[PDB]
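In: Sequence, then the experimental structure. Questions to follow.
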There are 2 protein chains.
Amino acid sequence: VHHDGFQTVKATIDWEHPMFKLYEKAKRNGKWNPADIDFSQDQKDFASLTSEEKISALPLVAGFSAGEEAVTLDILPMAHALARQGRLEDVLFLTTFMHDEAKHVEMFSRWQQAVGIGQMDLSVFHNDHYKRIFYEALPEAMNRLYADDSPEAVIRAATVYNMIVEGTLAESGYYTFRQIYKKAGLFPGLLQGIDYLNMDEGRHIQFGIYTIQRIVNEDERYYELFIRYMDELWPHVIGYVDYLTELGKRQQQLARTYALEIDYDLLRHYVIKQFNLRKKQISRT
Amino acid sequence: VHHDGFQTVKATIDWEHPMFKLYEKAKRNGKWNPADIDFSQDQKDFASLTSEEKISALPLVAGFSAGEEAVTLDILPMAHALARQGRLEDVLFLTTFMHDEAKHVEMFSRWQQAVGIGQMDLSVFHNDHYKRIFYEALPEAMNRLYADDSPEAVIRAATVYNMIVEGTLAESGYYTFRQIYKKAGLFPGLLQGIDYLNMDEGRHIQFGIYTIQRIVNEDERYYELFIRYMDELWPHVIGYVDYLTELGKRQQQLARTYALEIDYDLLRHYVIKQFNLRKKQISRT
Ligand SMILES: CCCCCCCCCCCCCCCC(=O)O
Ligand SMILES: CCCCCCCCCCCCCCCC(=O)O
Ligand SMILES: [Fe+3]
Ligand SMILES: [Fe+3]
Ligand SMILES: [Fe+3]
Ligand SMILES: [Fe+3]
């Protein structure tokens, strides 16, 4: 369907729009290139490990690589829906969001290639709870926006994508990586990537907060929907977390070798903490 | 609809894919930030001009600002359609494409703001031929891809967007800017922007060539469709060009003041030249 006109012909960008400001910050802070990361020490680290130690790291990478690829593909309906609503500054910012996620896909895939597991199918580490979130609930909620851009649908999409996948799972994953491999002194290239991803993620989560809050601001009963959609996904969040913890507990050779008292009870509490603080970042009023 | 799996979990990025290579070049060559361009001399240049000289430059900027905004919004269905086909490297590259166009929208809108015309509605310089391309034919061809990603539809979308809007009109616009204002010594910030846009455009056009050629390669009768879709749009291409030429011929005070023998016959021939060389960049065989 046609364009009725163009904002930057009739007027200009809204330079004070929060999402224009975030776009500007993304340009300034988003120059890193996965192609510049030196993975040569990562290759040697991985080769030095025993088979039982090698596998320790793969469930988490399996979760991230699928996660990055899903969100790269699944942000497109959000960009479309806000575009169709004329929210030009949102769209400008979402171009940086999409490109960030492409670089994230690239980073993990370069690490897999470099350490010699690119040929390994890591889908075996996606349990039913993970698939419910990433293979199903995430694309369902985002693709809905092509035919239903109601405030309800937009809140649901931002909740699943920005508040759960990013704001709870990705953030806890970054913490888990540092708690384990930063301690061990392992995988410096991967951990450099993680630091860049974690910095990008701040803007992604801020977009979701802004999107959810601006809809809540119109009608404070959307606050209840946000909470409900958060709670709907929690069983799968913790179900996946419990599955990874069980795998960690059953393959402890990396932890012993590297003197990591890996506190899974504490990682579990960080996830709960993330989930609850994302809820608190939306105001009913 | 769901994800059946993820390429970077089952395997890796296809590192040798042409669109991965283009993505890599876009990261390396796409660091420029419109926010860094110094428009202060542009403001003084524009203020120095008489009213009749001021207006000389506005039809071309009106064409570009709407053009950039349209392509920012209208590339999203192409990204979606290739995503749904599993063409991950194409999608990675298209994130740089989208972000480039966002920066282009930003550049022209910053120039308009800086020279004091942000409040002026430049839609008056879009004639019927321009609207047929940008308000209608471009969004029609791109949005079709949401429900019809047939080789025919993809060739039509790439032809209108990459070969006509970018490969014929944008390229001729860059040439026109340099022929006029680079000569005059005017608007150094705008011309810096034009050089960055022209560099980005090379990758955009290369994406369209690759997309059209890979479909032609499957069935050489799609070559005829490419030619037909090019010729379908030519009347509006030249109809818009003739309209801008007529405006230039009727407001020659900038040209006199600045000693520009503006050769409109030569600009017209450059457009024809662009159109014909884009056709020659697709091989029937
Ligand atoms: C053992 C402790 C459990 C910690 C939780 C680990 C979760 C792994 C993360 C996988 C999903 C990554 C989602 C990426 C989202 C994005 O890139 O925006
Ligand atoms: C007077 C000589 C005519 C020269 C032709 C001028 C055409 C102006 C360009 C306006 C459309 C710009 C399209 C931008 C496309 C993109 O950003 O990829
Ligand atoms: Fe990410
Ligand atoms: Fe993210
Ligand atoms: Fe452009
Ligand atoms: Fe372009």
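Out: Sure thing, it's come through. Numbering: from 1, shown residues only, chains lettered A, B, ... in the order given. Ligands and ions are numbered 1, 2, ... in the order given.

In: going forward, measure contacts and count neighbours with C-alpha atoms only.
Out: OK.

In: does stretch A:5-20 come close to ligand 2?
Out: No: interface with ligand 2: stretch A:5-20 contributes nothing (C-alpha under 6 Å from any ligand atom), its closest point being 12.0 Å away.

In: Please identify the buried residues of that stretch?
Out: For stretch A:5-20, a neighbour-count test (16 or more other C-alpha atoms under 10 Å in any protein chain shown) marks A:6, A:7, A:8, A:9, A:10, A:11, A:12, A:13, A:14, A:18, A:19, A:20 as buried.

In: Nearest to ligand 1, out of the residues you listed: which one, please.
Out: Nearest to ligand 1 among the buried residues of stretch A:5-20: residue A:19, at 17.5 Å, using C-alpha to the nearest ligand atom.

In: So that closest one versus residue A:123, what's the distance?
Out: 36 Å (C-alpha to C-alpha, to the nearest Å).

In: ok, now which ones touch residue A:180?
Out: Contacts for residue A:180 (C-alpha atoms under 8 Å, 6 or more residues apart in numbering or on different chains) come out as A:260, A:262.

In: ok, it to ligand 1 distance?
Out: Using C-alpha to the nearest ligand atom, to the nearest Å, one gets 10 Å for the distance from residue A:180 to ligand 1.

In: any idea which helix or strand carries the closest residue to ligand 1 within the stretch 101-250 of chain A?
Out: Residue nearest to ligand 1 within the stretch 101-250 of chain A: residue A:173 (3.8 Å; C-alpha to the nearest ligand atom). Using DSSP states H and E, residue A:173 maps to helix A:171-177.

In: measure residue A:241 to residue A:55 for me?
Out: 17 Å.

In: So between these two, which is more surrounded?
Out: It is residue A:241, of residue A:241 and residue A:55, that has more neighbours when counted by other C-alpha atoms under 10 Å in any protein chain shown, with 21 against 17.

In: and the more buried one, what helix or strand is that in?
Out: Assigned by DSSP H and E, residue A:241 falls within helix A:222-250.

In: After that helix, which helix or strand is next?
Out: helix A:253-257.

In: What helices and strands are in contact with the following helix or strand past that following helix?
Out: Once the chain leaves helix A:253-257, the next helix or strand it forms, by DSSP H and E, is helix A:264-280. Helices and strands touching helix A:264-280, by 3 or more C-alpha pairs under 8 Å, 6 or more residues apart in numbering or on different chains; DSSP states H and E, are helix A:171-177, helix A:222-250.

In: now, of these, which is deepest in the fold?
Out: Each of these was scored by mean neighbour count; the highest is helix A:171-177, a mean of 20, by mean count of other C-alpha atoms under 10 Å in any protein chain shown.

In: so how far is that helix off the chain centroid?
Out: Relative to its chain's centre, helix A:171-177 lies at 11 Å (C-alpha atoms, centre = their mean, to the nearest Å).

In: before we move on, what about stretch A:204-221?
Out: Chain-centre distance of stretch A:204-221: 18 Å, with C-alpha atoms, centre = their mean.

In: And for stretch A:151-159?
Out: That offset, for stretch A:151-159, works out to 17 Å (C-alpha atoms, centre = their mean).

In: Contacts for that stretch, please.
Out: Residues from elsewhere that reach stretch A:151-159 (C-alpha under 8 Å, 6+ apart): A:78, A:138, A:141-142, A:144-145, A:208, A:211-212, A:215, A:222, A:225-226, A:229-230.

In: ok, now stretch A:234-253?
Out: With C-alpha under 8 Å, 6+ apart, stretch A:234-253 has contacts from A:52-53, A:56, A:59-60, A:127, A:129-130, A:132-133, A:169, A:264, A:268, A:271.

In: pretty sure residue A:261 contacts residue A:267?
Out: No: taking contacts as C-alpha atoms under 8 Å, residue A:261 lies outside contact range of residue A:267: 12.0 Å.

In: what does the stretch 51-200 of chain A put close to chain B?
Out: Residues of the stretch 51-200 of chain A found near chain B (C-alpha under 8 Å from any C-alpha of the partner chain) are A:62, A:65-66, A:69-70, A:73, A:76-77, A:79-80, A:83, A:91-92, A:95-96, A:98-99, A:102-103, A:105-106, A:109-110, A:112-113, A:118-123, A:134-136, A:139-140, A:143.

In: If we use 6 Å, what do you get?
Out: Along the stretch 51-200 of chain A, the residues adjacent to chain B under the rule C-alpha under 6 Å from any C-alpha of the partner chain are A:66, A:92, A:95, A:98-99, A:102, A:109, A:118-119, A:121-122, A:135-136, A:139-140.

In: Now the two most distant members of those residues.
Out: Within these, A:92 and A:119 form the most distant pair, 36.3 Å apart (C-alpha to C-alpha).

In: Of these two, which one has the most company?
Out: Neighbours per residue (other C-alpha under 10 Å) separate residue A:92 from residue A:119, with residue A:92 holding more: 29 against 13.

In: Cross-check the contact I'm expecting between that one and residue B:100.
Out: No: look at residue A:92 against residue B:100 with C-alpha atoms under 6 Å: they stay out of range, at 9.9 Å.

In: follow-up on the earlier one: from the chain's centroid, how far away is the helix holding residue A:241?
Out: Taking C-alpha atoms, centre = their mean, one finds helix A:222-250 lying 14 Å from the centre of the chain it belongs to.
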